[PDB]
Structure formats: C-alpha cells, structure tokens
Amino acid sequence: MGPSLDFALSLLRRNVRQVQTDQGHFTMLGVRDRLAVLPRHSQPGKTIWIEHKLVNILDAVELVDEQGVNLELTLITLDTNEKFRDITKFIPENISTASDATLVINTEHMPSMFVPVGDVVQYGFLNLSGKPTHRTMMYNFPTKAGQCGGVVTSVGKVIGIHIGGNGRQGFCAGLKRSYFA
Ligand SMILES: */C(=C/C(=O)OCC)[C@H](C[C@@H]1CCNC1=O)NC(=O)[C@@H](C)Cc1ccccc1
C-alpha cells in the first residue's frame, strides 16, 4: 500500500470519528489530547455520540475572526479516557491551498468515504445559509448533505473541514495550526 492511502486510512483509524448531534450525522476530527473540531452548525450540546457511546463535552469554543465573523468551526474538549494522536504538525500554520486533495468522510451513513475533490483554492467569504463566514476554501466538486465535518487532506497535510456546497462546488473551513495551540 502506498503512502497517501496509508495516511488517509491511518487518519480514519486514529483521528476521524463518526459522530451524532441533535443536528444529525457528522465527521469529527480529533486533533490532540482531548481536543476535537466540528463544523459549527452541528451544534454539539453537553454530550455527543461518538461511534459507540455518549461522551460528555467539557467545553465548546466557536471560532470567530478579529472582525467577529463566523469561521464555522467549534472546538470541543471531550471527557474521554483516550488522548487523540497529535496531528497538529500536519495542519499548516496558515490557511493553505492544495492540489488534488481528497475529502475524507466518516459517518455512520458514510463510513470511510473517499471523495476526489481535486484542487483546493482560496475563497474567503461565504454566505452559508444566511450566515456570513470567512476563511473558507473551495473545490470544484459537487459535495452533498451528510458530508459536513469531512476532512480535506493532501500529501500528509490536513487543511480543511467540509462545511457546505452549492451543488457544483464544495467549501471547507480552512485549518491553521494556531487554532489548536
Ligand atoms: C453539510 C451539513 C448537512 O448535510 O446538514 C443537514 C442538511 C452540508 C454540506 C452541503 C449540503 C449541500 N451540499 C453540501 O456539500 N452543509 C450544509 O447543509 C450547510 C448549509 C449547513 C449550515 C446550516 C446553517 C448555517 C450554516 C451552515
């Protein structure tokens, strides 16, 4: 098995979890220690279902920029026995484009699902169901419902979290490493 497949599968085994909130099914990325990230619209409450069990949420932080604009990312600290494998080093320091990215989804309905979203470009502002959102990126791929929280990955880098699409294009919240400091 080659290195790209092996990386995406190992992300799936150790960091990308199938979860459920009252809003439905999502892919969650565990980043390090007990810190994970979800799309803001998943609205995690005081507990969240993670694969086979209900896990309490100790804290949730919705990220905004310096103008107070939504970034569509909620950081949660979980009451789990496990520390996540620390993947912060694979997250770039600044919001980075990529060529030939894969979107990795892991939901009860869409388990270990690989989507060839292609090139990922800077996009910036996005009006996401009435909600202004910054620091987004775009891929020319017709992503669909159920894929939010999916992890945008390319060559050992973890660059985005899927948040929406207009039927011909898909959009992610960009990741940067300082979010998980
Ligand atoms: C992912 C979330 C989802 O499916 O929730 C229930 C519908 C979707 C992904 C897009 C759907 C169509 N194509 C896509 O790739 N994202 C959303 O539905 C966004 C619009 C969720 C949302 C809702 C309210 C405020 C901000 C974002």
# chains A, B, ... in the order shown; residues from 1 in each chain; ligands from 1

$ residues_around --residues "segment 22-37 of chain A" --least-positions-apart "2" --cutoff "8 Å" --atoms "only C-alpha atoms" --output "NGL selection string"
:A and (15-20 or 39 or 41-44 or 73-80 or 82-88 or 105-109 or 146-151 or 180)

$ write_last_selection --atoms "N, CA, C and O atoms" --output "short mmCIF file (atom, residue, chain, number, x, y, z; two decimals), in the first residue's frame"
data_model
loop_
_atom_site.label_atom_id
_atom_site.label_comp_id
_atom_site.auth_asym_id
_atom_site.auth_seq_id
_atom_site.Cartn_x
_atom_site.Cartn_y
_atom_site.Cartn_z
N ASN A 15 -7.99 9.45 14.17
CA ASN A 15 -8.43 10.84 14.37
C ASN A 15 -9.81 11.26 13.83
O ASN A 15 -10.30 12.28 14.26
N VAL A 16 -10.41 10.53 12.90
CA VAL A 16 -11.59 10.98 12.23
C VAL A 16 -12.71 10.09 12.70
O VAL A 16 -12.72 8.92 12.36
N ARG A 17 -13.63 10.64 13.50
CA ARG A 17 -14.66 9.85 14.12
C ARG A 17 -16.06 10.09 13.57
O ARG A 17 -16.43 11.22 13.17
N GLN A 18 -16.85 9.03 13.64
CA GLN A 18 -18.28 9.08 13.32
C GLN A 18 -19.01 9.59 14.55
O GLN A 18 -18.90 9.00 15.60
N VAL A 19 -19.72 10.71 14.41
CA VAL A 19 -20.48 11.30 15.49
C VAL A 19 -21.91 11.72 15.11
O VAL A 19 -22.27 11.77 13.96
N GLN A 20 -22.71 11.97 16.14
CA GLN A 20 -24.07 12.43 16.02
C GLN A 20 -24.36 13.50 17.03
O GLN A 20 -24.11 13.30 18.18
N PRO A 39 -17.88 21.18 12.60
CA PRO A 39 -18.48 22.34 11.98
C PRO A 39 -19.42 22.99 12.97
O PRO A 39 -20.16 22.31 13.66
N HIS A 41 -22.28 24.43 12.68
CA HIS A 41 -23.73 24.14 12.54
C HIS A 41 -24.10 22.77 13.09
O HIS A 41 -25.29 22.49 13.21
N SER A 42 -23.13 21.91 13.46
CA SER A 42 -23.52 20.64 14.10
C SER A 42 -24.05 20.88 15.53
O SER A 42 -24.73 20.02 16.08
N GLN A 43 -23.73 22.03 16.12
CA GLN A 43 -24.24 22.46 17.44
C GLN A 43 -24.10 21.45 18.54
O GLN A 43 -25.07 21.04 19.14
N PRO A 44 -22.89 21.02 18.82
CA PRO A 44 -22.79 19.98 19.83
C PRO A 44 -23.34 20.51 21.13
O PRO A 44 -23.13 21.68 21.41
N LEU A 73 -16.34 26.80 12.77
CA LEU A 73 -15.61 25.76 13.48
C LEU A 73 -15.85 25.87 14.96
O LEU A 73 -15.68 26.94 15.52
N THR A 74 -16.21 24.75 15.59
CA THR A 74 -16.35 24.70 17.02
C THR A 74 -15.34 23.72 17.58
O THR A 74 -15.27 22.56 17.15
N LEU A 75 -14.52 24.20 18.49
CA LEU A 75 -13.54 23.34 19.14
C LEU A 75 -14.16 22.73 20.40
O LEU A 75 -14.60 23.46 21.28
N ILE A 76 -14.18 21.42 20.54
CA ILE A 76 -14.69 20.84 21.75
C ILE A 76 -13.62 20.08 22.52
O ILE A 76 -12.76 19.40 21.92
N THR A 77 -13.69 20.17 23.84
CA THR A 77 -12.85 19.42 24.73
C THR A 77 -13.72 18.32 25.30
O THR A 77 -14.78 18.56 25.84
N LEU A 78 -13.29 17.08 25.16
CA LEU A 78 -14.09 15.90 25.49
C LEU A 78 -13.64 15.24 26.76
O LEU A 78 -12.44 15.29 27.13
N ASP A 79 -14.59 14.59 27.44
CA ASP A 79 -14.32 13.81 28.65
C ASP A 79 -14.10 12.39 28.24
O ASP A 79 -14.96 11.55 28.37
N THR A 80 -12.92 12.13 27.72
CA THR A 80 -12.56 10.79 27.23
C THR A 80 -11.36 10.29 27.93
O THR A 80 -10.53 11.06 28.40
N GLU A 82 -9.10 8.35 26.32
CA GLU A 82 -8.02 8.49 25.30
C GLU A 82 -7.52 9.94 25.04
O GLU A 82 -8.30 10.89 25.02
N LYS A 83 -6.23 10.10 24.82
CA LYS A 83 -5.72 11.27 24.12
C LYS A 83 -5.76 10.96 22.62
O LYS A 83 -5.43 9.87 22.23
N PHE A 84 -6.18 11.89 21.78
CA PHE A 84 -6.04 11.72 20.35
C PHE A 84 -4.56 11.73 20.00
O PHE A 84 -3.81 12.50 20.56
N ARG A 85 -4.18 10.92 19.01
CA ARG A 85 -2.93 11.12 18.31
C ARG A 85 -2.77 12.58 17.83
O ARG A 85 -3.59 13.07 17.10
N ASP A 86 -1.67 13.24 18.21
CA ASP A 86 -1.49 14.66 17.95
C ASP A 86 -1.13 14.86 16.50
O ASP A 86 -0.07 14.50 16.06
N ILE A 87 -2.04 15.45 15.73
CA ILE A 87 -1.81 15.65 14.31
C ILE A 87 -1.63 17.15 13.98
O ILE A 87 -1.68 17.53 12.80
N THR A 88 -1.38 17.98 15.00
CA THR A 88 -1.23 19.40 14.76
C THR A 88 -0.10 19.70 13.75
O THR A 88 -0.14 20.70 13.02
N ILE A 105 -14.45 11.37 4.70
CA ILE A 105 -15.67 11.42 5.45
C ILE A 105 -15.82 10.14 6.26
O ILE A 105 -15.45 9.08 5.80
N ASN A 106 -16.38 10.27 7.48
CA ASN A 106 -16.60 9.13 8.34
C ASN A 106 -17.75 9.33 9.27
O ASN A 106 -17.64 9.94 10.36
N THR A 107 -18.87 8.78 8.82
CA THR A 107 -20.17 8.96 9.45
C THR A 107 -20.75 7.55 9.45
O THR A 107 -20.32 6.68 8.66
N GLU A 108 -21.71 7.32 10.35
CA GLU A 108 -22.44 6.05 10.32
C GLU A 108 -23.05 5.79 8.94
O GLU A 108 -23.06 4.66 8.50
N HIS A 109 -23.63 6.80 8.32
CA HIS A 109 -24.19 6.64 6.98
C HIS A 109 -23.14 6.60 5.87
O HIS A 109 -23.38 5.97 4.84
N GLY A 146 -24.67 15.49 4.47
CA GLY A 146 -24.11 14.37 5.22
C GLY A 146 -22.59 14.37 5.22
O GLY A 146 -21.98 13.59 5.92
N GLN A 147 -21.99 15.26 4.45
CA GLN A 147 -20.53 15.26 4.35
C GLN A 147 -19.88 16.33 5.19
O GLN A 147 -18.67 16.49 5.12
N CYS A 148 -20.66 17.10 5.93
CA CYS A 148 -20.06 18.17 6.75
C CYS A 148 -19.22 17.59 7.89
O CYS A 148 -19.57 16.56 8.52
N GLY A 149 -18.08 18.23 8.10
CA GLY A 149 -17.04 17.77 9.04
C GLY A 149 -15.97 16.93 8.38
O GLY A 149 -14.92 16.63 8.98
N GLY A 150 -16.21 16.57 7.13
CA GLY A 150 -15.24 15.82 6.37
C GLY A 150 -13.90 16.52 6.29
O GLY A 150 -13.84 17.73 6.21
N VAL A 151 -12.84 15.73 6.27
CA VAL A 151 -11.51 16.28 6.41
C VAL A 151 -10.83 16.37 5.05
O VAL A 151 -10.64 15.36 4.36
N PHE A 180 -5.32 25.23 17.30
CA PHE A 180 -5.22 24.11 18.22
C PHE A 180 -4.02 24.22 19.19
O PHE A 180 -3.67 23.26 19.91
#

$ residues_near_ligand --ligand "ligand 1" --cutoff "6 Å" --atoms "only C-alpha atoms and all ligand atoms" --output "list in words"
residues 41, 128, 129, 131, 143, 144, 145, 146, 147, 148, 163, 164, 165, 166, 167 and 170 of chain A

$ write_last_selection --atoms "N, CA, C and O atoms" --output "mmCIF file, in the first residue's frame"
data_model
loop_
_atom_site.group_PDB
_atom_site.id
_atom_site.type_symbol
_atom_site.label_atom_id
_atom_site.label_comp_id
_atom_site.auth_asym_id
_atom_site.auth_seq_id
_atom_site.Cartn_x
_atom_site.Cartn_y
_atom_site.Cartn_z
ATOM 1 N N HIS A 41 -22.285 24.430 12.683
ATOM 2 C CA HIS A 41 -23.725 24.142 12.538
ATOM 3 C C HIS A 41 -24.103 22.772 13.089
ATOM 4 O O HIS A 41 -25.288 22.491 13.212
ATOM 5 N N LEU A 128 -23.169 31.239 4.208
ATOM 6 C CA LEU A 128 -23.548 29.866 4.431
ATOM 7 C C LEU A 128 -24.926 29.730 5.114
ATOM 8 O O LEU A 128 -25.011 29.798 6.339
ATOM 9 N N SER A 129 -25.997 29.557 4.328
ATOM 10 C CA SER A 129 -27.395 29.534 4.847
ATOM 11 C C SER A 129 -27.659 30.742 5.705
ATOM 12 O O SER A 129 -28.025 30.635 6.885
ATOM 13 N N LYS A 131 -25.544 32.713 6.990
ATOM 14 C CA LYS A 131 -24.504 33.001 7.977
ATOM 15 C C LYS A 131 -23.177 33.395 7.304
ATOM 16 O O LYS A 131 -22.589 32.598 6.590
ATOM 17 N N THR A 143 -20.167 18.193 -3.692
ATOM 18 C CA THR A 143 -20.337 17.596 -2.408
ATOM 19 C C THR A 143 -21.839 17.674 -2.058
ATOM 20 O O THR A 143 -22.554 18.453 -2.656
ATOM 21 N N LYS A 144 -22.286 16.877 -1.087
ATOM 22 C CA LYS A 144 -23.705 16.776 -0.748
ATOM 23 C C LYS A 144 -23.922 16.709 0.775
ATOM 24 O O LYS A 144 -22.986 16.694 1.564
ATOM 25 N N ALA A 145 -25.194 16.713 1.157
ATOM 26 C CA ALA A 145 -25.578 16.656 2.552
ATOM 27 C C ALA A 145 -25.000 15.383 3.190
ATOM 28 O O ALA A 145 -24.796 14.360 2.514
ATOM 29 N N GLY A 146 -24.671 15.488 4.475
ATOM 30 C CA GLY A 146 -24.107 14.368 5.219
ATOM 31 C C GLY A 146 -22.593 14.373 5.224
ATOM 32 O O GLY A 146 -21.976 13.588 5.916
ATOM 33 N N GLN A 147 -21.992 15.263 4.454
ATOM 34 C CA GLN A 147 -20.534 15.259 4.349
ATOM 35 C C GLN A 147 -19.882 16.333 5.189
ATOM 36 O O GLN A 147 -18.675 16.493 5.118
ATOM 37 N N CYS A 148 -20.660 17.101 5.932
ATOM 38 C CA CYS A 148 -20.060 18.168 6.748
ATOM 39 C C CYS A 148 -19.223 17.590 7.893
ATOM 40 O O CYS A 148 -19.573 16.563 8.515
ATOM 41 N N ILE A 163 -17.812 22.198 5.148
ATOM 42 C CA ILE A 163 -18.952 22.901 5.717
ATOM 43 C C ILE A 163 -20.163 23.188 4.787
ATOM 44 O O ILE A 163 -21.230 23.531 5.271
ATOM 45 N N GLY A 164 -20.019 23.082 3.482
ATOM 46 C CA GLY A 164 -21.150 23.370 2.599
ATOM 47 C C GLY A 164 -20.828 23.223 1.116
ATOM 48 O O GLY A 164 -19.685 22.895 0.731
ATOM 49 N N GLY A 165 -21.836 23.484 0.297
ATOM 50 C CA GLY A 165 -21.728 23.298 -1.156
ATOM 51 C C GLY A 165 -22.950 23.814 -1.847
ATOM 52 O O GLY A 165 -23.987 23.932 -1.230
ATOM 53 N N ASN A 166 -22.833 24.185 -3.105
ATOM 54 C CA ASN A 166 -23.939 24.810 -3.821
ATOM 55 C C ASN A 166 -24.424 23.886 -4.944
ATOM 56 O O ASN A 166 -25.165 24.310 -5.851
ATOM 57 N N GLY A 167 -23.968 22.645 -4.915
ATOM 58 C CA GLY A 167 -24.430 21.623 -5.884
ATOM 59 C C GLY A 167 -23.455 21.405 -6.980
ATOM 60 O O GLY A 167 -23.532 20.419 -7.656
ATOM 61 N N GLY A 170 -17.894 22.635 -3.576
ATOM 62 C CA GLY A 170 -17.842 22.346 -2.169
ATOM 63 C C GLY A 170 -16.938 23.383 -1.487
ATOM 64 O O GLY A 170 -16.002 23.904 -2.081
#

$ residues_around --residues "segment 116-126 of chain A" --least-positions-apart "5" --cutoff "8 Å" --atoms "only C-alpha atoms" --output "PyMOL selection string"
chain A and resi 96-103+132-141

$ select_by_dssp --residues "chain A" --states "alpha helix (DSSP H)" --output "ChimeraX atom specification"
/A:3-14

$ write_last_selection --atoms "C-alpha atoms" --output "mmCIF file, in the first residue's frame"
data_model
loop_
_atom_site.group_PDB
_atom_site.id
_atom_site.type_symbol
_atom_site.label_atom_id
_atom_site.label_comp_id
_atom_site.auth_asym_id
_atom_site.auth_seq_id
_atom_site.Cartn_x
_atom_site.Cartn_y
_atom_site.Cartn_z
ATOM 1 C CA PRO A 3 1.777 6.429 1.318
ATOM 2 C CA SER A 4 -1.300 8.543 0.535
ATOM 3 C CA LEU A 5 -3.772 5.743 1.035
ATOM 4 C CA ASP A 6 -1.899 4.649 4.204
ATOM 5 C CA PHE A 7 -2.041 8.217 5.629
ATOM 6 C CA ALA A 8 -5.785 8.659 4.943
ATOM 7 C CA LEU A 9 -6.601 5.252 6.403
ATOM 8 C CA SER A 10 -4.489 5.918 9.464
ATOM 9 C CA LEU A 11 -6.293 9.289 9.917
ATOM 10 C CA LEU A 12 -9.550 7.299 9.808
ATOM 11 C CA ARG A 13 -8.345 4.821 12.387
ATOM 12 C CA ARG A 14 -6.978 7.326 14.903
#

$ closest_residue --among "A:159, A:178, A:40, A:111" --to "residue 72 of chain A" --atoms "only C-alpha atoms"
A:40

$ closest_residue --among "A:54, A:158, A:69, A:60" --to "residue 127 of chain A" --atoms "only C-alpha atoms"
A:69

$ select_by_dssp --residues "segment 50-81 of chain A" --states "strand (DSSP E)" --output "list in words"
residues 50, 53, 54, 55, 56, 57, 58, 59, 60, 61, 62, 63, 64, 70, 71, 72, 73, 74, 75, 76, 77 and 78 of chain A
